[PDB]
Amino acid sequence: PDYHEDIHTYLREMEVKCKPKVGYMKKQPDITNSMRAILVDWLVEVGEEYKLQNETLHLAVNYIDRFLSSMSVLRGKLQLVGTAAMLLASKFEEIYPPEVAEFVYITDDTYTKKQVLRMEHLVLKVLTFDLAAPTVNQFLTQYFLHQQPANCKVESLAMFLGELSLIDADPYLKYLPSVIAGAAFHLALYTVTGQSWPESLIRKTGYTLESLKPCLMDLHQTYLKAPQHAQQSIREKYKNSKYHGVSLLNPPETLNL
């Protein structure tokens, strides 16, 4: 509480410093947003097979976008960039991470132990060991404390919408983690209860529902088109009781903004 206001102020400060270049995929000659979307979706499965935290998944995607913002990569090596990042995210956030042999196994021997270890070192060199990155996940939990009594269906749903945004670089790279986390919570709350972005959260973040509107329009479209999307590992993860089967909930037709 004493430091709670300070942490949000610091993360808001850090999320700008840790932001990747928005149009990095344009200056990337052999890889595209589809490859990135396929990669991020695959890491969602990896997380579930190894029961990793949703923060581990959020950190990996940040590291990936940052590595790809400064490094040219061919499609053949894109999965090695993703494996080393997931391994690094797991080492940073998991109590104990899965061993390297297991990471080499979930790639079906596409790469070697040496390759994974060498890429880990390269990712760390390229990211200059700056691994404590603010995520949508991080801003969502700080926001949830402004919901007393709490609705775990709203929390699960915001977690899901927050995660959907990791798949599609276009348009979510143009939004900061705090802004997606705002849109996700409003859209989650509005879908379950009908209530909107609270005044306590307006005062905390300095974000009006109007300032969230560009992100929220995109997050609403993504939600409506989610059963139609090519990537479905997130919808499968959230139809489970763990997250109160929130992906099975029907999105609203209109937001009325």
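Think of the rigid core as the biggest set of C-alphas that the two forms share within 1.5 Å after superposition. Sequential numbering from 1, following the sequence displayed.
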Positional deviation of Cα atoms in 8 other deposited structures of this protein after core superposition, greater for 84-92 or 141-149: 141-149
135-143 set against 150-158, stretch whose average Cα temperature factor tops the other in the entry: 150-158
Mean Cα B-factor comparison, 228-236 or 55-63, giving the higher one as deposited: 228-236
Peak C-alpha temperature factor (PDB record), options 40, 189, 68, 31: 189
Residue 201 - which third its CA temperature factor falls in, relative to the rest of the chain: highest
Assigned third (lowest, middle, highest) for the C-alpha B factor of residue 44: lowest
